[PDB]
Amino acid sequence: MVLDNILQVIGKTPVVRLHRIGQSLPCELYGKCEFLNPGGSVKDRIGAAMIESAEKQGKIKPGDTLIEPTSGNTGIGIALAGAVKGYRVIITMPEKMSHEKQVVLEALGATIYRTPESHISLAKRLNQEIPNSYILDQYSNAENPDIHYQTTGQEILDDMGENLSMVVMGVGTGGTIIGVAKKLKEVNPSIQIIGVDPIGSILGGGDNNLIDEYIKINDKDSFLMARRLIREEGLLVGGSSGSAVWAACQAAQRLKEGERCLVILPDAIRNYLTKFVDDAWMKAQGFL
């Protein structure tokens, strides 16, 4: 198909059967390939949607400065959509973020202000200092579950229908899981929504809950499963996809033959070529 710009490519991600990873399970295991999005992550969706929603509400217009405070957990989504739509993008964050993420944000034209909640305070000060500027923060935004309710969740319903017993996805930022859970439980309340909570220093952060269970995953188990996804399924994913699939192999053990479990594969291999993808790094971290 012919499109106006790359933002129109975001979404409608394919679902692939995980034939080798799912061998040890009685159920069928599937992976939704969010890492194939043009920015390389499920996070492409929220960035584009936040700009579209703020434009529709007349809060921003091209030429304006967008200020994105981040704890390094958010994607390149605001920078990507900002570059496409003609916004100046400023990002505030702690000095903790990787060279791989920083070089792409900068190539997309974003200005990064590194801080030693100083990054949130910096965004608020920049918002008052810079004329025609607006803060776009993925955290406490409240319209984050809506995009995943309107798109990601609808795609899962369109592709797999009511023949879906379990969905496994990450809990950070928090938009994906809440939006998808809300959409799926409206038509299938018996569906099991599994929250992926990485507790490691690398991948981790720092009555009727829509999220049925929260599984804790360390870094070793995430990276080893990510290596299985690349070697056994040809899925060029990052560590968070390994976290999600490891959690699914644990939770899906309860499911029966003919039942299906879907895992969101949120990140790409791009930022990890000098990390878990490298056997020397795996050995050095004591993961091999």
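Numbering starts at 1 and follows the sequence shown.
Counting the deposited residues that fall between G161 and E162 and carry no coordinates gives zero. Missing deposited residues between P116 and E117: 4 to 9, all without coordinates in the entry. Look at the mean CA B-factor for 68-76 and for 139-147 in the entry; the higher one is 139-147. In this entry, 250-258 shows the higher mean Cα temperature factor of the pair 225-233 and 250-258. Per the PDB entry, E213 shows the highest C-alpha temperature factor of the residues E213, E155, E129, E106.
The entry assigns its greatest Cα B factor, within the set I91, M166, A181, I120, to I120. Split the chain's modelled residues into thirds by C-alpha temperature factor. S133 is in the lowest one. Placement of the Cα temperature factor of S24 within the chain: highest third of the modelled residues, per the deposited record. Per the PDB record, residue ranking by Cα B-factor puts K220 in the middle third of the chain.
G86: CA B factor in the middle third of modelled residues in this chain (values from the PDB entry). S53: CA B factor in the middle third of modelled residues in this chain (values from the PDB entry).
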